[PDB]
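Notes for the one structure printed next.
2 protein chains.
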Amino acid sequence: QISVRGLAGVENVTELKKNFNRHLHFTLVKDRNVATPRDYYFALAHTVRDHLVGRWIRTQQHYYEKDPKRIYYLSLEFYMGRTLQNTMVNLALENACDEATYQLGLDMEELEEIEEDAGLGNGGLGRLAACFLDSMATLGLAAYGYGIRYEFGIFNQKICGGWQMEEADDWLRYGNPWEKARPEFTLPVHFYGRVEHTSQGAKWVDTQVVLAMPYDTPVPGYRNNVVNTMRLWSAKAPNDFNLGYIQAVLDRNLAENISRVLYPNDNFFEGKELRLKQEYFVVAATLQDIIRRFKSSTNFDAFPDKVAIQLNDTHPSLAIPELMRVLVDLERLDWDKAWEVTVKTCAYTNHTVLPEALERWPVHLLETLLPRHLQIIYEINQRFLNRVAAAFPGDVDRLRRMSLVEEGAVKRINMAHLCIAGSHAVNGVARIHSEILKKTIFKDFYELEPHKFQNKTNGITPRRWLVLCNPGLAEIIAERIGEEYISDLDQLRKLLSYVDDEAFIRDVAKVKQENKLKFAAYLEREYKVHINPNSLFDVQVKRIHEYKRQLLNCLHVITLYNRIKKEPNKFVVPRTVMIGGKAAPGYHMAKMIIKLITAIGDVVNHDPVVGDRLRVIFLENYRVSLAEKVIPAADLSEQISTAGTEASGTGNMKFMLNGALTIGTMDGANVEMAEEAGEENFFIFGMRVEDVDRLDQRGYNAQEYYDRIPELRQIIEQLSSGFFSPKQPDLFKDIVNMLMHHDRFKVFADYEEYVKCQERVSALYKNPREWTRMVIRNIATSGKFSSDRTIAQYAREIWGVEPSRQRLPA
Amino acid sequence: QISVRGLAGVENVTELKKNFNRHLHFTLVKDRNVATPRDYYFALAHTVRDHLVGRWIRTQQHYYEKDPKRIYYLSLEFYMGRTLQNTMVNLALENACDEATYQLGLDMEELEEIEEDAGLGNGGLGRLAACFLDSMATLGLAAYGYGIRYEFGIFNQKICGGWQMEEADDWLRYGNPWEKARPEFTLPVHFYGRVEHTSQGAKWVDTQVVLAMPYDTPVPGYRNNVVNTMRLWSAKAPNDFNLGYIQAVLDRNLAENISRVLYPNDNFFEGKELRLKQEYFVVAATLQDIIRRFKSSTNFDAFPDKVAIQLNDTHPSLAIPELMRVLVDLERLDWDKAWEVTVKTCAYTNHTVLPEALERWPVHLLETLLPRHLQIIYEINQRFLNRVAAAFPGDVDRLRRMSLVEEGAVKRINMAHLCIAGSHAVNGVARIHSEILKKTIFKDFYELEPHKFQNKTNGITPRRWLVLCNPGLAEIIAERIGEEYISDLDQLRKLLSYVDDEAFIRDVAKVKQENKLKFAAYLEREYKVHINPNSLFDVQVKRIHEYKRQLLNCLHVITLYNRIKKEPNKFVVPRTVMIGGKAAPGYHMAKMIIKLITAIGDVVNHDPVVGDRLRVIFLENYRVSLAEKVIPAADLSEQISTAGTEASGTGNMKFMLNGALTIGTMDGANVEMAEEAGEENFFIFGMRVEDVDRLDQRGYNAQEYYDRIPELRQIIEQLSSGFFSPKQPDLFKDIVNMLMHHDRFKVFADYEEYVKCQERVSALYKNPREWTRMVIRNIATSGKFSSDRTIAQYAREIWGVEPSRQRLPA
Ligand SMILES: N[C@@H]1[C@@H](O)[C@H](O)[C@@H](CO)O[C@H]1c1nc(-c2ccc3ccccc3c2)c[nH]1
Ligand SMILES: N[C@@H]1[C@@H](O)[C@H](O)[C@@H](CO)O[C@H]1c1nc(-c2ccc3ccccc3c2)c[nH]1
Ligand SMILES: N[C@@H]1[C@@H](O)[C@H](O)[C@@H](CO)O[C@H]1c1nc(-c2ccc3ccccc3c2)c[nH]1
Ligand SMILES: N[C@@H]1[C@@H](O)[C@H](O)[C@@H](CO)O[C@H]1c1nc(-c2ccc3ccccc3c2)c[nH]1
Ligand SMILES: *Cc1c(COP(=O)(O)O)cnc(C)c1O
Ligand SMILES: *Cc1c(COP(=O)(O)O)cnc(C)c1O
C-alpha cells in the first residue's frame, strides 16, 4: 500500500501464508473452525519470529569471531511495549505480512491490537532504555541490555468513580513468543551470610543462594540484519531450598519473589529490602555473565578494552563494589589494579535532581544483606576521601559533603556519590540538566575531577515513534526526500525547502486530520466517549507528578470554562483537553490530581452552555501502545514542568516528530528543542531556572498571586467551596492547602504567563495555513532528537567504539 | 533393527532428519556447534510431537461429530513417567527415529535418558491412572483424564549417610514439550463465602475466586491414530486479587499454592486444608468443563447417557455434592431428579482397606471452606438414612454405622460412604479385595444395595511394560506368534506350545541375561556400585510401608548372612538383593526401614568371607523410569504384604510380564496371578486372610515366635545390641520394639514359611532350564493382567460403552 512499509513480492507472500498455516496447525494446535483472533495473532507472531532466528544466530556468531568491545547496558527497567509491528518494520516485512494476512481473510491491524505491552518500566527512564537498544542495534554495536524479567509489570490503571484503581499486569498469561528461556545458563546469586578474614583474603560465607535464570529477547536493527540480545533474569529457588516438607516447598516463593513485580514509583525512591534484593540480583548475575564471556576469548588489564558497563542511574550501582569483590576476593588482584579496571569499565548516567528520587540506602540493610559489599564501600570511601583531603587540604566541610557515607540518626550510603567515584564518565541527559549537575548537586565532584562530567542529550527512536506509529506522515516525507531519513534523522532539515509548498502544507494537515479522526473513533469504540475532531487536541500525557504540573493545566482548563460561562455567546477556538498518566499507588497527592481532572470533566462535559467548545477527557491506562495512538493525533504538546525539575523529558520529542506544536517552560530538553526549531516556532512561557532561584531566595508566597489575580482567586474559591464536588464539598481541601501554603513547584507563579501563552496558541490555530507552516518548521528540525544521535555520542565519547551503518549478510 | 519397533523407510527418515534440523534452528535457536545433548533431546521431542498434532485435532473433531458417550476419569494423581519413547511406540516411529538420529551422529537411547519423569503420583494408584489412559485410547473410547498440574511432583530421593533426604522435583524447569496451555478455557473456582436462602433457592455468596487454567497433554492409542486428552488444571489468581500494592501482588501466591505440590503420602490420609482445596479445585473446574461440553451438542435426563464420571478413590468425591449443587442451585432441577442424574453418572473405585488411608474430613473444615457442599452432604445423609430405616426398621446401630457423618469429639464426613450413596457402581481392584469390601468394611451397604458392588481386577499396559522397557523379550515373542499380542495380550497363551522348545528356552534366558548385564552396567556408571550379573536378582521395589513388609525381606537377608558366617565354605546360590522405594517424608518408621536396609548393606557388602555370594543394594530414587530398567532385569519378584492388606498391587504384574518368578503371599492380585499360572509355578507362602483373622481373635504375641525360633532370636539380638550400628548401638530400638510389641502386620508370623520358601527358590535357580520353563509358564499366562482387559470390563459393565479396535484414518 505505502512505500516505507516495503515490498510485497509474490514469493514472499506465498511463503508467509504457508508458514502462518503451519504455525496455526503445529504450534497452536487449532484449525480455522475454532481459531480466535488471539490464535491468529500468535500464528503471525511465530511466523515473523522465524525471520529473526537466522540473523540472531549469525549476529552472535559474528561477535564471537570478530571479538569487538562489548557494551552492557544495565537497567532495572526496559519499557518495550509491543514487538510485532516493530519487528516487521525493522525487517521490511510489514507490506508482505499485510498482504499475506489480507489474502487469508484477516485484518493485520486488528491482530496487532491483541498483543500485550511489555510494560517493564514506569515511564521515561525505562522507555529511554528501550529506544537505546533499538539505536544500538541499528548502529551495529555489540550491545546487550540486562535487566529483570518481572512477572508483573507496571499496573493496569482503571478509573472507578473518577479514582485510580490498580490491577496486576499479568502480561505473561497467554505466553510471550518473543523470549527464549535459557535455563542452561542459570547462575547463582548470594545473599546474607557473613565475612571471614583468612590468611589469603576475605571470604563471604554462609550465604543464601537464589538462582538467576536468563530469558533472551531479540533486538533487531533497522534493515541491517543485526539482531542484538536483551537478557532478563528471573529468580528461581534451588531444589534443596529449605530442605515440614509441604511448607518447605511452598516457601520457595520467598526466593522467587525477587523477580515478581516492578516497583511502580516514577522518580521517587522507596528504600525497601525487596528493591535492594532486585538491584543486587540483576548486578550479580549480569557481572558473572560478563566475566564468563570475557574469559572465553588471567589478564584483566584488557578488561576495559573489551567491556563497557553503562549504569542507568544508580539503580545498578552495586556493579561497582561487585566488580571489586570479584576482582579482589575471587581473582586475587591487588586493590589498586582492580580499582583502575573498575573505573575504566564503568560509566554512570544521572537522570534526576529531585532529592526524593536519589537512592540513599540505610547502612543496616546493606550490613545484613550484603556485608562484604558494605566493607568494600567503606574502603572505597576512605581512599576517595584521602584524595579529596590531598586536593583541598583543611576543607573539612567538603569531606563531609563528598562522603559516600551520610551521617544522621540513620547512616546511609549515597549511591550517586559511589557511582561518581567509581566511573570514568558521568553524564546528564540534557544540556541544562548536565549544567545543573556541575553547578549544584555534584559541584564538589566536578571541582575534583572536571574531566569526568559530560552531557548526552536524550533522544527517541524514529522507527517506533514515526514510522511505526505515524505511517501517513512517514510516507509524505519519504515522497519528497526518500527513505534515508529513517536512520539519519538530520535529513529532515531538507523539509525546510517545502515550507511554502502548497501541496506539502495540504498533505501535512491532511495526515494530522486523518490521525485525529482515527483517534476520535478509537475513543468512541473502546470508551463510549464522543469528541469533536475539528477541535484543537491539547494533550498532556506523562506520569502524574506535582513537578510535571498537571495542576497548572487544570487551572487553565477551569479558566477557559469560567470565561465561557461569563461570555457564552463569544467565539472561542474549540478544544479537547486530554490528560493521561499513572499515579504511583502510594502517592496520595497524585491520586487526588487524577480525581480533580475527572471531576472537572464531570462539570465541563455536561454543561449545555459550553456545548462542544470544551471537552476534558482523562485518558485511562496511559502506556506505550496508547502513546503510539494519541501522539500522532495531538495538536498541542503540554511540557510544563517547573524550570529545573524535568531532567530531560522524552515525550516532548515524540510530539515534535509527529506534528504537534509545544507549549512549554525552558526546562530539560525543551531548551534544545526551542533552539533547534527557533524560539519563534515554540510557545515558551514562564520562569527560567534563574527566576525560580530568585523567588526561592526571597521566599515563595502563593497568597500574593491569589490576592493580585481575580481569575485565580475565583478558581480557588470554586475548589474550596465544593463547586467540582457538590456531594463532598471539602474533597479538594488538600489540593487547595498545598497550592496556598507548601507548593514546591510554584504553580501560581507561572499561571498568568501560561494563560496568556495559551491565548497565542488559540490565535495561531485559527489560521490553519500558518499553524501548519510552524509545524513543518518543528518536524524539519527534530533530527537532533533521534536516539541514533545520542547513541553515537555515547559510543564515541564514553565507550570508545565506532558506530557502523553497514549491513551483515542476510 | 528389531521388527516390533516398525519400519524405517527412506522417505520417513529423510523427513524426520529435516524436521529435527528445522526444530534445532527455529524452535531451539541453536546451531550444531553449541548444541548440547539436552538441545538434541528437545529437537527430537518436537519432531515426534508434530506427528501427534493432526491425529489429535482429527480425534477431537470426530468426537464432536459422532457425539459418543464421554468417559471422565477424575484423579488427583497421574504417574505418567517419560513420554518420548511411548509416543514413538504408539505411532510406529521408533525404528525411523533411531535411524534418523543415527545418521545425524546421535544415540537416541542417550537422548531418551535426558527426559524428566512426569511424577505426578505417589505409586500404584497414580500409575494405574496412567495405564488406564493408555488403554482407553487404545480401545477407541472417548475418554478424558482430569487432574492437577502440580508444579512439584513426587520428591527426588537422595540417600545421605544411609538416610532418605528429599529434594523438590522441579520437573518443569527446562519446559514440558508435551503440554499445550489453553488459557482461553480458564474457569473460576469458588471458596469460603456463606449461604443465603432466598425465595428461589440457596445462593453461595461472598466467595474468594481462584482461576483454573487447563494444560492439555495428548494420549496416543496403540497404532490406531486415536489421540485422547489429559487435561490438568493449574491455579491462577485473578488480576484484581487483593486489589499496600507490592504486598497484594506478592500475596497472589496464597491462591496459586493450590497447584504447587503433590502430597507425598502413599496409602495414608492427612486431613490438611490445602489438600481439601486441591480436591475441590479439580472437581469444580472439571465439572464446569463437562457441563459446557454436554450443552454444546435444558434436558439433563440425557446427561447420564452422554457422561460417565469415574472417581479414582474418594479423592474427587466432592464431584457428587458439586454435581448436585450445580443441578439444584444453578440449573433449578428438583432434588429427586438431580439425584437420579448424579447417581447414574457417577461410579466409585475403592483402592484400599487400611483405615489410616480412608478420607474422613472434619466438619469444621468443610463448614468454613465449602459451606453449601456441607449442607448438601447433610441432606444426602438424611435421605439416605431414611432409606436404611425403611429397609431395616429398628436397627439403630446400622443407622450409626452407615451414616455419612461420624460422631466423636470431632465430627467427620466419611467420604467412602458418600461415594457409595452417590454412585451406581462401586468396585474393588482385585477379586479378594472386592470380596473383603462386601464382607467387612462395606457389608452394611452391600446388604442394602447388592447390585452396586463389582470387581474390576487391575492391569498394566503392555505397551510401556513390555514393548517399551523390554524390546528383546517383545521381539522373541513376536518371532513366534506375531505382533497382535501387543493389543490382545491373551494371545501370550500361545507360548505354552514352546515350553519344551529348546531354541525358545535359550532365547528367553538370553534376553534376561542381556537385561541383567545392561542393568549391572547402569549401576556402575550412575552409582559406582559393582554387582555379579550371574547372581539371582532378588528385587523388592515399591513404596516403603510397614504393610508391604520390606522388614520381612530384611530378616531373610540377615538370615542368609548369618548362615554364610556359620558355614562359610558351603555353597550357596549367589544373590543380589535389591530393595528400593520412597518413604513419605513424615513417616518415621518407613525412614528407619530405609536406614536399616543401608546399614545391612554396609555390613554384608564389605565382609570378605561373604565375597560376591550376597550383596544388598538400596536402589535410590525409585520412580517409573527406574522401574523400566530394573523390572526387565529381575529374576525374583518380592510381593510379600500381609494377607488382606495390599488391595491389588500392580508391580507384581509388571514383573510377571517381564520374566521374573514371584515369591508372594495370597494377597491382592497375587491370588489371581497364581490361579492363572498354576500354583505349582508360583512361590506361595504364609498366612492366608483366614489365618490372619484366626491370629487376631486369639491375639498376636510376637514373643512366642522369638522364643521358638533360634535364628529369629539371633537376628533380634543383633539389631538390639548394635551389630548393624556400632557407633549408635540403640539406633534400631524403635524397630525392635515395634516388631516385639505392636506389629500390626505380623512379620514374625510369616518368617519361618518365608525362609523355607526362599530355599525352594534357590534350589530351582540351580537348574536354569527348569527355572526358564517356569518363567515361560508365567509369561504365557500373564494376559489377564493387561489394562486393556480391565478397561473393556469398566466400559461394558460400568460405563455402558463398547470398546473398538478400529483405526481412525491417518
Ligand atoms: N516455549 C516457550 C514458552 O514457555 C513461552 O511462551 C516463552 C518462554 O517463556 O517462549 C516459548 C518458546 N519460545 C521459543 C522461541 C523460539 C524462537 C525464538 C526466536 C526469537 C525470539 C524468541 C524465540 C523463542 C522456544 N520456546
Ligand atoms: N524524570 C526523568 C526524565 O526527565 C527523563 O527524560 C528520563 C530519561 O532520562 O528519566 C526520568 C527519570 N526517571 C527516574 C526514576 C525512575 C524510576 C525510579 C525508581 C526508583 C527510584 C528512583 C527512580 C527514578 C529518574 N529520572
Ligand atoms: N510454549 C510452551 C511453553 O511455555 C512450555 O514448554 C509448554 C507449556 O507450558 O509448552 C510450550 C508449547 N507447546 C506447544 C505445543 C504445540 C504442539 C503440541 C502438540 C502435542 C502436545 C503438546 C504440544 C504443545 C505450544 N507451546
Ligand atoms: N495400595 C493400593 C494398591 O494395592 C493398588 O494396586 C493401587 C491401584 O489400585 O492403589 C494403591 C492405593 N493407593 C492409595 C492411596 C494413594 C494416595 C493417597 C493420598 C491421600 C490419601 C489416601 C491415598 C491413598 C490407596 N490405594
Ligand atoms: C515517552 C513516554 C514517557 C515519558 O514522557 P515524559 O513526558 O518525558 O515524562 C512516559 N510514559 C510512556 C508510556 C512513554 O511512551
Ligand atoms: C507399578 C509401580 C508402583 C506400584 O508397585 P506395587 O508393588 O504394586 O506397590 C509404584 N511405583 C512405581 C514407580 C511403579 O511403576
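Chains A and A' are the protein sequences, given in the same order. A prime marks a further copy of an entry chain.
Numbered per the authors' numbering, the first sequence spans residues 12 to 254, 261 to 314, 324 to 836.
Numbered per the authors' numbering, the second sequence spans residues 12 to 254, 261 to 314, 324 to 836.
Ideal placement from N, C-alpha and C gives every residue a C-beta, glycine not left out.
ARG506/A' Cβ short of 8 angstroms to ligand 6 heavy atom set: Not under cutoff, so the answer is no.
Where the beta strand (DSSP E) through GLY65/A begins and ends: Per DSSP, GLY65/A is not a residue of any beta strand (DSSP E); the alpha helix (DSSP H) it occupies stretches across 48-77.
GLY134/A Cβ short of 8 angstroms to ligand 5 heavy atom set: Yes, since a heavy atom of ligand 5 falls inside the 8 angstroms radius drawn around the Cβ of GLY134/A.
Partners in chain A' for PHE163/A, counting only beta-carbon separations shorter than 9 angstroms: Going along chain A' in sequence order, the residues near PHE163/A (Cβ under 9 angstroms) are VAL266 and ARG269.
Near ligand 5: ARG649/A' beta-carbon under 8 angstroms from a heavy atom: Checking the Cβ of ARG649/A' against ligand 5 gives no.
Short-range partners of chain A' found in the segment 102-133 of chain A, where Cβ spacing is below 7 angstroms: So the list is empty, because no residue satisfies the distance condition.
Residue(s) in a DSSP beta bridge with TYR90/A': The partner list for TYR90/A' (beta bridge, DSSP) reads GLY130/A'.
Rounded separation between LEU474/A' and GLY485/A' - CA only: For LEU474/A' and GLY485/A', the distance between alpha carbons rounds to 30 angstroms.
Residues near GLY606/A' in its chain [Cβ-Cβ closer than 6 angstroms; skip 5 each side]: Result list for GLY606/A': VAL567, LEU645 and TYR648, in chain order.
Exposure label - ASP760/A'; buried when at least 16 CB within 10 Å: Exposed, by the Cβ-count rule.
Proximity test, Cβ basis, 9 angstroms: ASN250/A' and chain A: With respect to chain A, the C-beta atom of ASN250/A' has a partner C-beta closer than 9 angstroms.
Exposure of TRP174/A, with buried meaning 16 or more beta-carbon neighbours within 10 Å: With a threshold of 16 other beta carbon atoms within 10 Å, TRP174/A falls short and is exposed.
Whole-angstrom C-beta distance between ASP776/A' and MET713/A', which should lie under 8 angstroms: Contact flag correct, Cβ pair sits at about 6 angstroms.
Per-residue burial, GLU22/A' [other beta carbons within 10 Å of its own, 16 or more giving buried]: When all chains shown are included, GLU22/A' counts as exposed.
Close-in-space but distant-in-sequence residues of the same chain around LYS810/A (CB under 6 angstroms, 5 per side omitted): Spatial neighbours of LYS810/A in its own chain (CB-CB distance under 6 angstroms, excluding positions within 5 residues in sequence) are listed in chain order as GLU702.
Pair within 9 angstroms by beta-carbon distance, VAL781/A' and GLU737/A': Their beta carbons are under 9 angstroms apart, which means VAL781/A' touches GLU737/A' by this criterion.
Rounded straight-line distance, which links the Cα of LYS77/A' to that of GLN71/A': Roughly 10 angstroms separates the two Cα atoms.
Cβ of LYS520/A within 9 angstroms of any chain A' Cβ: Chain A' contact via Cβ: absent.
Endpoints, alpha helix (DSSP H) assigned at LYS247/A': Annotation: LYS247/A' is outside any alpha helix (DSSP H); the continuous beta strand (DSSP E) that includes it extends over 238-247.
Whole-number beta carbon distance between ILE335/A and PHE298/A, since they are thought to touch under 8 angstroms: Contact between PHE298/A and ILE335/A is ruled out by a C-beta separation of about 16 angstroms, above the 8 angstroms threshold.
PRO199/A', enclosing beta strand (DSSP E) - first and last residue: Residue range 198-202 is occupied by the beta strand (DSSP E) that includes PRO199/A'.
9 angstroms Cβ cut-off: residues of chain A' touching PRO281/A: In chain order: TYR262 and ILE263.
Cα-Cα separation between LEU136/A' and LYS596/A', rounded to whole angstroms: Going by the C-alpha atoms only, they are around 44 angstroms apart.
Contact test: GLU348/A' Cβ vs ligand 5 heavy atom, cutoff 8 angstroms: No, the beta carbon of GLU348/A' sits no closer than 8 angstroms to any heavy atom of ligand 5.
Any non-hydrogen atom of ligand 5 closer than 8 angstroms to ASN684/A Cβ: Ligand 5 never approaches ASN684/A closely enough for any of its heavy atoms to be under 8 angstroms from the residue's Cβ.
Validate contact between the segment 683-694 of chain A' and the segment 797-810 of chain A' using beta carbons, cut 8 angstroms, 3 pairs: Yes, since at least three Cβ pairs between the segment 683-694 of chain A' and the segment 797-810 of chain A' fall closer than 8 angstroms, the two stretches touch.
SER674/A' beta carbon near ligand 4 (any heavy atom closer than 8 angstroms): Because some heavy atom of ligand 4 lies under 8 angstroms away, the Cβ of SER674/A' counts as near it: yes.
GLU88/A' versus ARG81/A': straight-line alpha-carbon distance, rounded: Pairing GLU88/A' with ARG81/A', the inter-Cα distance amounts to about 20 angstroms.
Residue of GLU195/A', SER314/A' and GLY186/A' minimising C-alpha distance to residue 10/A: Nothing in the structure corresponds to residue 10/A, since chain A is present only between 12 and 836.
Partner residues on chain A for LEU254/A', Cβ-Cβ distance less than 8 angstroms: Going along chain A in sequence order, the residues near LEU254/A' (Cβ under 8 angstroms) are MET176, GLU177, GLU178 and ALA179.
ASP421/A versus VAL367/A: straight-line alpha-carbon distance, rounded: For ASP421/A and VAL367/A, the distance between alpha carbons rounds to 30 angstroms.
Test: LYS29/A CB closer than 9 angstroms to a CB of chain A': At a cut-off of 9 angstroms between beta carbons, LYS29/A makes no contact with chain A'.
Contacts of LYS191/A in chain A' (Cβ-Cβ under 9 angstroms): Close to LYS191/A, with beta-carbon spacing below 9 angstroms, are these residues of chain A' in chain order: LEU39 and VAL40.
Stretch pair the segment 538-545 of chain A' + the segment 51-58 of chain A': three plus CB contacts closer than 8 angstroms: No, the segment 538-545 of chain A' is not in contact with the segment 51-58 of chain A'.
Listed by chain order, chain A' residues near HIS208/A by CB distance under 8 angstroms: Going along chain A', no residue has its Cβ under 8 angstroms from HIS208/A, so there is no contact; the nearest lies around 32 angstroms.
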